[PDB]
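Only one structure is covered here, and it is reproduced in the block below.
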Amino acid sequence: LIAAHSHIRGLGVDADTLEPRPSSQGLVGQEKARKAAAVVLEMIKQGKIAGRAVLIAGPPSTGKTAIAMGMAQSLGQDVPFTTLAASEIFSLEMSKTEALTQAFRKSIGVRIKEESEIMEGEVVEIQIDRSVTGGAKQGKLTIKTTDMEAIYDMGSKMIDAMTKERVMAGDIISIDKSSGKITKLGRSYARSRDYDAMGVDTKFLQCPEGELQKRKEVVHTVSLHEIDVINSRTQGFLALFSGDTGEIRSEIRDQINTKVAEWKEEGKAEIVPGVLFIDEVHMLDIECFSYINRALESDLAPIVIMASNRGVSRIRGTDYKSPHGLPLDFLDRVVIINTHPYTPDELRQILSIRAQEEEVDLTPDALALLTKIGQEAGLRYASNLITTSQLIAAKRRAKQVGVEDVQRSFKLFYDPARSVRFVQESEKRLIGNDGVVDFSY
Amino acid sequence: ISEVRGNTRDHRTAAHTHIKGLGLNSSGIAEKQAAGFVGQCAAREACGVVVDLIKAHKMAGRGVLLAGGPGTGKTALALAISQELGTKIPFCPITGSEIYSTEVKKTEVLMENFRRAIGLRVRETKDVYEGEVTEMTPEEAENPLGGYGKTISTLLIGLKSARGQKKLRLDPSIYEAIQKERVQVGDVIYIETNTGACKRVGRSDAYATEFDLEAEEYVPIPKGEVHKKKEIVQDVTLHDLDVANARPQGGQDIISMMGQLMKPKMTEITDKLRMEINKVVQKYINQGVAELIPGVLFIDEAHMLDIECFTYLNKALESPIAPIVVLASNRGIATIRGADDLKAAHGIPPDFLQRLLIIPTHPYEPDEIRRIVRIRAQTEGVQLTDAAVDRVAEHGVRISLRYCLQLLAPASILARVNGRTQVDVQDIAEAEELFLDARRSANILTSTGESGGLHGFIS
Amino acid sequence: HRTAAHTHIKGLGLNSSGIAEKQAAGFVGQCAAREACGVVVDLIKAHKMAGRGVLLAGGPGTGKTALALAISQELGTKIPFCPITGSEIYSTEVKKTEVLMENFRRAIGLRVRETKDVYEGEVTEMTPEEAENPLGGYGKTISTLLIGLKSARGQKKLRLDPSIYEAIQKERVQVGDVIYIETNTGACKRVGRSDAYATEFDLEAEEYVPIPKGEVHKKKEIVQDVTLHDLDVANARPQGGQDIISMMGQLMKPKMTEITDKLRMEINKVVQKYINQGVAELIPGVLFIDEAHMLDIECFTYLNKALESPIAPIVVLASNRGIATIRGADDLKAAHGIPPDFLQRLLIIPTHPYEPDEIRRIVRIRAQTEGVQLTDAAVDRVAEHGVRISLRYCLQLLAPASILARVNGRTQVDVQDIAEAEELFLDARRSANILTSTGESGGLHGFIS
Amino acid sequence: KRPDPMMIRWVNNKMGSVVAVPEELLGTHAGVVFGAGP
Amino acid sequence: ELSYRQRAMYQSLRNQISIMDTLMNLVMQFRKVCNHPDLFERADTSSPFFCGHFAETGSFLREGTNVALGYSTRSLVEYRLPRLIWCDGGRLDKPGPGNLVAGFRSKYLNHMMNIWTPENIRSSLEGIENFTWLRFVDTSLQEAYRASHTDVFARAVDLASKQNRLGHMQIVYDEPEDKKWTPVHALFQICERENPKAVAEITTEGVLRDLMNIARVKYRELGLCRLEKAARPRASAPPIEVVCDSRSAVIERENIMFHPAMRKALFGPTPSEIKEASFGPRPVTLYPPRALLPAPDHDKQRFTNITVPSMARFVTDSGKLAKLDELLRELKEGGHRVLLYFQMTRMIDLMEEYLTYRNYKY
Ligand SMILES: Nc1ncnc2c1ncn2[C@@H]1O[C@H](COP(=O)(O)OP(=O)(O)O)[C@@H](O)[C@H]1O
Ligand SMILES: Nc1ncnc2c1ncn2[C@@H]1O[C@H](COP(=O)(O)OP(=O)(O)O)[C@@H](O)[C@H]1O
Ligand SMILES: Nc1ncnc2c1ncn2[C@@H]1O[C@H](COP(=O)(O)OP(=O)(O)O)[C@@H](O)[C@H]1O
């Protein structure tokens, strides 16, 4: 599916000089902000700096999310990129502080390296002994390559896996002795015909070759929050996915912080600091900000990127207004990146990119009109008309979106400004702020 | 056992029972009176494009606002969309009131409904043998093992369905299931080929007379083929996959079993579960074994959402797998529910309002009211004189569309209790006097409640 | 390796006479406050007084948090330093005064010598013996297990209690395993397979372990560091026994509970016995409540009781506020945001704003700590922002400017790189002007108010 | 050698599959499925 | 460079210098820790602090070869109640002389005047009366009466002895002519008779089955079942006990705190019961059909906080040994397997343990 930021596929900057290109990777304009963001990527990728809070500020639209989403695309898969809407911090399960602590620790990765041994071979024989009316199980697996054959004892856990997988002679299987996962890969020869209900036919494979065992390094990245959850419990690691973690006690996290440092010095773990993107941060309250002040001071703090639309605005949980809706002793810790409203030549480029992403073929006149609509009504509204006009054009079986299709879309769907006028022009027939309304004609 | 009710099975009727669709040409132009709609031609034409947007499955997380006064047909238009899409497309309607759960943060409630609105269709083959067990019979092996009393090479089972008989030459290992399931001759079972095990459905009711007393429920013989291989289509919302992962159902241990016996509170599911679900779902879509069905989340009275709800929907709508969200509002210029000093149009925050395609619904002309009266009358089955249609429509113009429509059922009763099947002005004139409207009743409050000491309204 | 806001602070930088060196241990200035924090350090190390309060009072950025971190380093890792913000007190699971007591008791340490009395060996034989329960309805029960343990030096046969056999069942022990049986808990640990069975031909990654050396029966001496809070919690939600309550307590969701003062006074008596037995020593430490203005009138009222406790820690409060409204007491205003009543209990250490030359010196220390080289023109330019805008702001420029410098290939930051950093990364006040200037107009491009 | 009195053995190979039952289990309820009950 | 373990020891030694500015013994033990911290205080199987009484062994020599290990573990918090309260009718629910209310109230409120007793239910079983639904919820009057009186643990054990037969009907009663057949006595059991889970168990490609397993598959794939525990509780305790000088109090402690039926449910059938169930002429059911204790989430830590040292730590705990290991894993290309020299004899023994861990020959 196509979404609001699907065209954004990077930050669009020269990796050498960090110079923003005027158009690249789906981003247009905002060059100062895109350059400032490119520098923050270097701080993230180097990882040495802890707890720098960057605020992207600007009026609505202007790409504050688009830039932050461009950064996510530039960091790639290994680095954590936790996105919070600030409204997620308010919870009934846990305090706001606990919700912030978890989100901070979600943004720090721990890249564990482990070495595992996998078997692979043709099953030549399988033998299982089962107790009558009881759990006791034992068995032996005879397994083969073109160059080895050996008989392995099976425990109860293997026998459960072996029957879940319906391992039969001639199956090619591999077994990771560390995890105990069994996978079938095919068969060395046809499934025998005498028995019925023998299941779906497999792939063919030639027999595996060389040694049965081989060692294999495997790398797993987990957040510090996952480690918190696993170690706060004997049982219930489902809480990692379910929420339901409660307010994890701080003496557990102290221990985890020490152990992760120990794992790092031992070379067991590589710590991978990522970013917490908080969107619409002006939704946090005064207690949240007082916590974040000092969460940033840890050497395990991620870099925290924030976005706000707000002018001078009231701080939540507070009597008084402040710039961005953020308190001043918080803003003392924060550098601000400013986004700016677009030029018509930028809107034309952005709309062209949206049209390509949505696979919509605008005529040049339709693009000109959409650009003009974009100046009067906003970039989002004009981008919605692209999809609408495509549909309307298709119903009349036109090859391309014409001005006629854009005009009809504009006719059908109200500009956020026209809707405000419509609301004013029917103040008596809409329900007021004091609840009065008239239903009569 | 159950005594079948044979007489009648007629439908009830509710406020929207007449709405049957958007009533649009093949060109998408609205007909002035079709599918139960009268007027709103522009609003119906816009909703027609919305139906085409949804049915095209191209786009995620587009917002639509239905804006207009109370009674102007906004929920009628939403219900018409749901009918235009048909039941294959998910449609999750809520009010903004429904978000304030006591069990979880309201943004979890919003995200739950958000993923109810996304359907997944999965096609798989089901492949089982079924019947009553006619026979069970070992075959000795030709090479019996040393030191063992018996060696069995096959275990024959005869299965009978209503449509055939088959001898299953099963692998000997099925002895395990037969013992543990206690399969007898005459029990109804199935054997599934992906495991080779069996499960006992019950004892066949062909044996319900074996004893005067037995602790058996008897079950009919399967009325399918003895071997059932067919493709099966499974429809699940992505919310069903969330819950199936966050609250696994089948657990055999004491803690699982105590769990399923206690109150099953919902839980604030993590983004990493939902994200991990999304990524595997997308694997199967690329394999072509599943298809995504993006539906509609309809939020009625969206002015009841607060600013924390709206700021979350910003994030939610940006996700690649998201429904179309349709809001409806009627609140003019109003305070945002969570931000007591911000007033905005529709009661929707201006930050969020910029996202929405806005569709206005206008008031109705007197002649549209009269047409609706007749459509509503023929839906409630009320028969009217034309003078009664006029008198009712006059209340529609002077008072409210809803009020005049509501008099038809009272007036129908007052007519038949005078032996008349056709309602006439004399009946309308009695319904309207037994059943006041909001304004005439409010005039009594002003006049009789002019004082409160006794016999006055509490104020 | 990773560098945070306070990585340069190493200590209070005091002489043996207790006088602040004007620049030492990462500090510049605050000399009077560093000297007062020295006397606080000596109050803690004396471990003689309970429940004394200290307020670090002073504007934001004046090093109050640096000083508290310096106290923690002067005390070193033996003493509990328990740092919190006032925002952390607002648990959903338990009342706010509960998390005050938990944190008060995390600040009190205990070092204790423990004897582990233990059995070890390769399991040579294992044989259950049974009770024929006639009418319990649960059927038969195992009455004991006989198990043979072999070490390198000797051998025993143990007739285990049923509750210890349940521990072995949980641990999945089999003949030929090496196991550990702590008689303190009755817990059993499976160490591995005996090395006598060491073979490649098992599908599961078994731990093949050598036979235990020495006697089968041992006593181990271990020195443990615990806080009073760890003892409280251990005894509130017990998990150490092999009884059914302990067993099920390991399966239920972890949950904080409003631990009663009965449990706390009982655990004082337990710890007092360890002290009188000579196996333990008390290590009373310090609780640092940062952002103490974020506490509320109920918290402060509770501290008036809690600080009277004869084993309360030392409490250091920081506040950055002038005359301000007390939270939860909206009619009451007082200095520091602290109630006048509770302020009488504290010793207030005021901290003061820096001079231009101190700021210049902090820039160099901080530049050295982040590992970035500046020209003196660069150091002067950054110091100007510290004077004109804010210390915090000017220190935030060092890392951006280093990248911008390196991008041009120059390894040393010069004025052009700071001049670029100033324009990419605004301070609060340049951003606030953009808000106000644009806020002249609404419409599409207004900031939302 | 003698097999465990309580364990039924399944074994599968290129020739297919067999189950073998201890003579201690023939004449029990477990023998019935093999045609050798009480 | 020293490992963090060595660094901590070396620091604690230079704390001794605060007295001294024994130095010969100090520098000799500085040399030990710089060789390997196990020369100074060898790492060993360890556990949280245990905050409880237990009976310790006073003599190893007199213990002999055969000894009974009783369960001595006891709380040091030791709540003392008079038998007037704990035994002789200060507990309201327990009948006896001096608690004449409890025996009456037990009978009348749980049986006589109890809506769930089968004689009461059967009067309300019809029409619009309050147990009218019972006809269709797949439970007997006996089962309704059991579920109202047994606690959620006891009910959960009984629930182990049940079959998902309504889910199997979904597999079998499938064609339109089966009319989604459901036993009329199970008519209201709607969500059990139809849900996707049962079908997904049976399809030949487990697409909907895999989708429902993602969370637990991902958990195990990350290895979080096998990763070392990064934290544990620092102290551990057994439950608090009442101390009351009565034999009844001691009996009651065994009945509740070591509750036989709960334990039997958790750990399952005994070996004699498995024999009697297996050799009998007819099948027989077992009180629990299986052990109902869950599988542990951690495959190695299981249900205990005991931790065992490992050879991985052993190598890295000495900076020299870690460095030596890296160069030995290349000098293996040259040989020199025993070209190593030591100033301490025990260091040679530790090196044998390391070499055998590496399987390097002497
Ligand atoms: N400079 C830009 N280049 C490309 N797309 C942009 C740019 N700015 C905004 N957009 C797009 O327009 C929409 C609005 O921008 P968004 O980033 O959501 O604004 P906000 O700053 O309010 O979060 C998004 O779909 C985004 O992809
Ligand atoms: N165009 C229309 N044609 C037929 N019936 C309508 C029309 N508009 C509204 N109604 C009916 O009149 C009533 C008011 O419409 P409704 O959708 O409830 O208004 P709203 O949602 O705006 O409050 C409903 O019973 C509805 O079915
Ligand atoms: N005297 C000082 N010497 C060196 N660095 C200091 C000094 N005072 C403050 N800093 C540093 O300046 C920043 C602000 O100080 P901080 O303690 O956070 O102020 P606050 O009183 O608001 O806590 C921190 O990075 C801190 O390390």
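Every chain in the structure tokens has a letter given in the order shown (A, B, ...), and although residue numbers restart at 1 in each chain, ligands are simply numbered from 1 in the order shown.
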All residues 9 Å or closer to residue 199 in chain E, only C-alpha atoms, same chain fewer than 5 positions away omitted, as number ranges by chain: B: 126, 232, 234; E: 167-168, 170-171, 208-209
All residues having an atom within 9 Å of ligand 3 (only C-alpha atoms and all ligand atoms) as a PyMOL selection string: (chain A and resi 293-294+297+329+333) or (chain C and resi 4-9+23-31+34+56-69+290-291+318-320+351+353-354+358-359+361-363+365-366+391-392+395)
Counting only C-alpha atoms and all ligand atoms, what residues are within 9 Å of ligand 1, given as a compact mmCIF listing (two decimals) with N, CA, C and O atoms, in the first residue's frame?
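selection_32.txt, written as the output of this step:
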# COMPACT_ATOMS: atom_id res chain seq x y z
N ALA A 3 1.37 5.03 1.48
CA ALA A 3 1.08 5.79 2.68
C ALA A 3 1.67 7.18 2.53
O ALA A 3 2.26 7.52 1.51
N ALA A 4 1.48 8.00 3.57
CA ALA A 4 1.82 9.41 3.50
C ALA A 4 3.29 9.64 3.17
O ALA A 4 3.63 10.58 2.44
N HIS A 5 4.18 8.81 3.71
CA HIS A 5 5.61 8.99 3.53
C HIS A 5 6.27 7.88 2.73
O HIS A 5 7.48 7.67 2.85
N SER A 6 5.50 7.13 1.94
CA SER A 6 6.06 6.01 1.19
C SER A 6 7.11 6.44 0.17
O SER A 6 8.02 5.66 -0.14
N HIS A 7 7.00 7.65 -0.37
CA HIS A 7 8.00 8.13 -1.32
C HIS A 7 9.33 8.47 -0.67
O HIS A 7 10.37 8.37 -1.33
N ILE A 8 9.33 8.82 0.61
CA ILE A 8 10.56 9.17 1.32
C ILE A 8 11.41 7.91 1.48
O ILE A 8 11.03 6.98 2.19
N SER A 23 16.52 18.23 -4.84
CA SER A 23 15.64 17.07 -4.82
C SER A 23 16.45 15.79 -4.80
O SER A 23 17.32 15.61 -5.65
N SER A 24 16.15 14.90 -3.86
CA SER A 24 16.78 13.59 -3.84
C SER A 24 16.09 12.68 -2.84
O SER A 24 15.68 13.13 -1.77
N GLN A 25 16.00 11.40 -3.19
CA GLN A 25 15.39 10.37 -2.35
C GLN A 25 13.97 10.71 -1.93
O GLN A 25 13.51 10.30 -0.86
N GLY A 26 13.25 11.45 -2.76
CA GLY A 26 11.90 11.85 -2.47
C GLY A 26 11.73 13.08 -1.62
O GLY A 26 10.60 13.51 -1.42
N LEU A 27 12.80 13.64 -1.08
CA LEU A 27 12.71 14.87 -0.30
C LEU A 27 13.00 16.09 -1.16
O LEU A 27 13.87 16.05 -2.03
N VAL A 28 12.26 17.16 -0.92
CA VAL A 28 12.36 18.41 -1.65
C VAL A 28 12.54 19.54 -0.66
O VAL A 28 11.91 19.55 0.40
N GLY A 29 13.40 20.50 -1.00
CA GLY A 29 13.55 21.71 -0.22
C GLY A 29 14.03 21.45 1.19
O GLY A 29 14.74 20.49 1.46
N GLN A 30 13.62 22.32 2.12
CA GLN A 30 13.99 22.22 3.53
C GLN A 30 15.48 22.05 3.75
O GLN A 30 15.90 21.41 4.71
N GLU A 31 16.31 22.62 2.88
CA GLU A 31 17.72 22.23 2.80
C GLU A 31 18.45 22.43 4.12
O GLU A 31 19.26 21.59 4.52
N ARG A 34 17.30 19.64 6.30
CA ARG A 34 17.88 18.39 5.85
C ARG A 34 19.38 18.32 6.10
O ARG A 34 19.90 17.22 6.33
N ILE A 56 12.74 19.20 16.02
CA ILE A 56 12.26 19.73 14.74
C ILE A 56 11.01 20.56 14.98
O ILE A 56 10.01 20.05 15.48
N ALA A 57 11.07 21.84 14.67
CA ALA A 57 9.96 22.75 14.87
C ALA A 57 9.60 23.40 13.55
O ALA A 57 10.45 23.62 12.69
N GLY A 58 8.32 23.67 13.38
CA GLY A 58 7.83 24.29 12.18
C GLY A 58 6.32 24.29 12.17
O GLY A 58 5.68 23.64 13.00
N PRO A 59 5.71 25.05 11.27
CA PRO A 59 4.26 24.99 11.11
C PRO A 59 3.81 23.66 10.54
O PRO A 59 4.63 22.87 10.05
N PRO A 60 2.51 23.37 10.59
CA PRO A 60 1.99 22.11 10.04
C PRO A 60 2.33 21.90 8.57
O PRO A 60 2.57 22.84 7.83
N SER A 61 2.37 20.63 8.18
CA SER A 61 3.08 20.19 6.97
C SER A 61 4.53 20.66 7.16
O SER A 61 5.04 20.59 8.29
N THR A 62 5.22 21.06 6.10
CA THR A 62 6.62 21.44 6.13
C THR A 62 7.55 20.29 6.45
O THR A 62 8.75 20.51 6.61
N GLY A 63 7.05 19.07 6.52
CA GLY A 63 7.92 17.92 6.44
C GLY A 63 8.66 17.53 7.70
O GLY A 63 9.72 16.92 7.60
N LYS A 64 8.14 17.87 8.88
CA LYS A 64 8.87 17.49 10.08
C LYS A 64 8.91 15.99 10.27
O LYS A 64 9.96 15.42 10.58
N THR A 65 7.78 15.32 10.09
CA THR A 65 7.76 13.87 10.05
C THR A 65 8.53 13.31 8.86
O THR A 65 9.27 12.34 9.00
N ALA A 66 8.37 13.90 7.68
CA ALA A 66 9.08 13.43 6.49
C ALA A 66 10.60 13.40 6.68
O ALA A 66 11.26 12.47 6.21
N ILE A 67 11.17 14.40 7.34
CA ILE A 67 12.60 14.38 7.60
C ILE A 67 12.96 13.28 8.59
O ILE A 67 13.89 12.50 8.36
N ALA A 68 12.24 13.21 9.70
CA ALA A 68 12.46 12.14 10.67
C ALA A 68 12.27 10.76 10.06
O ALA A 68 13.00 9.82 10.39
N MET A 69 11.28 10.60 9.18
CA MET A 69 11.12 9.34 8.47
C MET A 69 12.22 9.10 7.45
O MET A 69 12.55 7.95 7.16
N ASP A 279 6.95 12.14 18.46
CA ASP A 279 6.21 13.00 17.57
C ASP A 279 5.18 13.75 18.39
O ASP A 279 4.55 13.18 19.28
N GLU A 280 5.04 15.04 18.11
CA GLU A 280 4.03 15.89 18.75
C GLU A 280 4.26 16.01 20.25
O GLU A 280 3.37 15.83 21.07
N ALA A 307 9.35 16.45 17.47
CA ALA A 307 8.68 17.36 16.56
C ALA A 307 7.55 18.09 17.27
O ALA A 307 6.85 17.51 18.09
N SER A 308 7.40 19.38 16.96
CA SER A 308 6.29 20.18 17.46
C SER A 308 5.79 21.14 16.40
O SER A 308 6.58 21.70 15.64
N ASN A 309 4.46 21.31 16.33
CA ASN A 309 3.79 22.33 15.53
C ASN A 309 3.49 23.60 16.30
O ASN A 309 3.03 24.57 15.70
N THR A 339 11.84 23.83 10.21
CA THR A 339 11.28 23.68 8.88
C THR A 339 10.47 24.91 8.48
O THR A 339 9.98 25.66 9.33
N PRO A 341 7.65 26.78 5.46
CA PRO A 341 6.65 26.53 4.41
C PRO A 341 7.26 26.58 3.01
O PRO A 341 8.26 27.26 2.77
N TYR A 342 6.65 25.85 2.10
CA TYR A 342 7.20 25.64 0.77
C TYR A 342 6.86 26.76 -0.21
O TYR A 342 5.82 27.41 -0.13
N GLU A 346 8.48 24.31 -5.04
CA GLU A 346 8.63 23.11 -4.22
C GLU A 346 7.36 22.28 -4.17
O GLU A 346 7.42 21.06 -4.31
N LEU A 347 6.20 22.92 -3.99
CA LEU A 347 4.93 22.18 -4.04
C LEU A 347 4.77 21.40 -5.33
O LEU A 347 4.37 20.24 -5.32
N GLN A 349 7.07 20.14 -7.16
CA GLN A 349 7.93 18.97 -7.09
C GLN A 349 7.37 17.91 -6.15
O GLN A 349 7.38 16.72 -6.47
N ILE A 350 6.91 18.32 -4.96
CA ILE A 350 6.37 17.35 -4.02
C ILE A 350 5.15 16.64 -4.60
O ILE A 350 5.04 15.41 -4.52
N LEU A 351 4.24 17.40 -5.20
CA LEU A 351 3.06 16.79 -5.82
C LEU A 351 3.43 15.86 -6.96
O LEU A 351 2.82 14.80 -7.12
N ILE A 353 6.11 14.06 -7.05
CA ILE A 353 6.61 12.86 -6.39
C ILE A 353 5.47 12.00 -5.86
O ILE A 353 5.48 10.78 -6.01
N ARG A 354 4.49 12.62 -5.22
CA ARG A 354 3.30 11.89 -4.77
C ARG A 354 2.57 11.23 -5.93
O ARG A 354 2.18 10.06 -5.84
N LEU A 379 -0.58 21.46 1.12
CA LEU A 379 0.00 20.33 0.42
C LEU A 379 -0.78 19.04 0.63
O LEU A 379 -0.95 18.25 -0.31
N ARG A 380 -1.26 18.80 1.85
CA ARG A 380 -2.02 17.59 2.13
C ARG A 380 -3.32 17.53 1.34
O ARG A 380 -3.64 16.49 0.75
N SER A 383 -2.61 16.79 -2.21
CA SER A 383 -2.23 15.39 -2.37
C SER A 383 -3.41 14.44 -2.28
O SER A 383 -3.41 13.39 -2.93
N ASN B 314 -2.88 10.68 14.03
CA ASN B 314 -1.81 11.15 13.15
C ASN B 314 -0.80 10.06 12.86
O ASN B 314 -0.50 9.75 11.70
N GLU B 318 -0.41 7.15 9.36
CA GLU B 318 0.81 7.09 8.57
C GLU B 318 1.34 5.68 8.36
O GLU B 318 2.21 5.49 7.51
N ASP B 351 -4.47 20.84 13.14
CA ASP B 351 -3.39 19.96 12.70
C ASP B 351 -3.93 18.73 11.98
O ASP B 351 -3.49 18.38 10.89
N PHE B 352 -4.91 18.07 12.60
CA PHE B 352 -5.51 16.87 12.05
C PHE B 352 -6.48 17.16 10.92
O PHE B 352 -6.54 16.41 9.94
N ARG B 355 -5.69 16.76 7.21
CA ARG B 355 -5.58 15.45 6.57
C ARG B 355 -6.85 15.02 5.86
O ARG B 355 -6.78 14.21 4.94
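Using only C-alpha atoms, one finds that the residues of chain D close to chain A, at 8 Å or less, are residues 6, 7, 8, 9, 10, 11, 12, 13, 14, 16 and 30 of chain D.
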Store the residues picked out above in a file with C-alpha atoms, as a CSV table (one decimal), in the first residue's frame.
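That gives us result_9.csv:
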chain,number,residue,atom,x,y,z
D,6,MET,CA,6.3,-50.4,29.8
D,7,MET,CA,7.5,-48.9,26.5
D,8,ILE,CA,6.0,-49.6,23.1
D,9,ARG,CA,8.5,-49.1,20.3
D,10,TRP,CA,7.8,-47.5,16.9
D,11,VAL,CA,10.5,-47.7,14.3
D,12,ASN,CA,10.6,-46.4,10.7
D,13,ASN,CA,13.0,-46.9,7.8
D,14,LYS,CA,13.2,-47.4,4.0
D,16,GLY,CA,8.3,-48.5,6.2
D,30,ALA,CA,-2.7,-51.6,26.0
Expected answer as a list in words: residues within 6 Å of ligand 2, only C-alpha atoms and all ligand atoms: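 Taking only C-alpha atoms and all ligand atoms into account, the residues around ligand 2 at most 6 Å away are residues 15, 16, 36, 37, 38, 39, 40, 70, 71, 72, 73, 74, 75, 76, 372 and 402 of chain B.
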Any chance you can output those residues with C-alpha atoms as a PDB file, in the first residue's frame?
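Saved result, again.pdb, follows:
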ATOM      1  CA  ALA B  15     -34.017   4.359  11.593  1.00  0.00           C
ATOM      2  CA  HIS B  16     -31.929   3.423   8.529  1.00  0.00           C
ATOM      3  CA  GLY B  36     -33.781   4.953  -0.299  1.00  0.00           C
ATOM      4  CA  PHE B  37     -31.939   8.277  -0.520  1.00  0.00           C
ATOM      5  CA  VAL B  38     -33.557  11.620  -1.261  1.00  0.00           C
ATOM      6  CA  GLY B  39     -31.262  14.526  -2.085  1.00  0.00           C
ATOM      7  CA  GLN B  40     -27.729  14.898  -0.676  1.00  0.00           C
ATOM      8  CA  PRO B  70     -27.697  16.910  13.091  1.00  0.00           C
ATOM      9  CA  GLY B  71     -30.247  15.020  11.028  1.00  0.00           C
ATOM     10  CA  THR B  72     -28.552  15.809   7.726  1.00  0.00           C
ATOM     11  CA  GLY B  73     -27.957  12.162   6.832  1.00  0.00           C
ATOM     12  CA  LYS B  74     -24.339  11.629   7.878  1.00  0.00           C
ATOM     13  CA  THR B  75     -24.823   8.205   9.471  1.00  0.00           C
ATOM     14  CA  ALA B  76     -27.189   7.234   6.643  1.00  0.00           C
ATOM     15  CA  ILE B 372     -38.563  10.793   2.781  1.00  0.00           C
ATOM     16  CA  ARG B 402     -36.610  12.964  12.939  1.00  0.00           C
TER      17      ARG B 402
END
Those of range 144-251 of chain A in DSSP strand (DSSP E), formatted as an MDAnalysis selection string: chainID A and resid 144 149:154 171:176 182:187 213:223
Long-range neighbours of range 280-282 of chain C as a PyMOL selection string, 8 Å cut-off, only C-alpha atoms, 4 positions minimum in chain: chain C and resi 108-113+271+274-275
Writer output for current selection, N, CA, C and O atoms, as a short mmCIF file (atom, residue, chain, number, x, y, z; two decimals), in the first residue's frame:
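So result_28.cif came out as:
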data_model
loop_
_atom_site.label_atom_id
_atom_site.label_comp_id
_atom_site.auth_asym_id
_atom_site.auth_seq_id
_atom_site.Cartn_x
_atom_site.Cartn_y
_atom_site.Cartn_z
N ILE C 108 19.96 2.39 51.96
CA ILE C 108 20.63 1.79 53.11
C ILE C 108 21.17 0.43 52.72
O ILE C 108 20.41 -0.49 52.42
N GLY C 109 22.48 0.29 52.75
CA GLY C 109 23.13 -0.93 52.34
C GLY C 109 23.44 -1.85 53.50
O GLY C 109 23.40 -1.47 54.66
N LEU C 110 23.69 -3.11 53.16
CA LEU C 110 24.13 -4.07 54.16
C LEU C 110 25.10 -5.03 53.48
O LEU C 110 24.80 -5.54 52.41
N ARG C 111 26.26 -5.23 54.08
CA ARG C 111 27.16 -6.30 53.67
C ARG C 111 27.08 -7.44 54.68
O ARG C 111 27.25 -7.22 55.88
N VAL C 112 26.85 -8.65 54.19
CA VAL C 112 26.59 -9.80 55.05
C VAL C 112 27.36 -11.02 54.57
O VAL C 112 27.43 -11.28 53.36
N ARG C 113 27.99 -11.73 55.50
CA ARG C 113 28.61 -13.02 55.20
C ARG C 113 27.59 -14.14 55.32
O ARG C 113 26.84 -14.20 56.30
N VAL C 271 17.89 -7.72 60.59
CA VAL C 271 19.20 -7.15 60.27
C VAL C 271 19.99 -6.86 61.54
O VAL C 271 21.20 -7.06 61.58
N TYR C 274 21.74 -9.99 62.49
CA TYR C 274 22.96 -10.18 61.70
C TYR C 274 24.09 -9.29 62.18
O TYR C 274 25.26 -9.67 62.11
N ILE C 275 23.77 -8.08 62.62
CA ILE C 275 24.79 -7.18 63.12
C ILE C 275 25.34 -7.67 64.45
O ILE C 275 26.55 -7.70 64.66
#
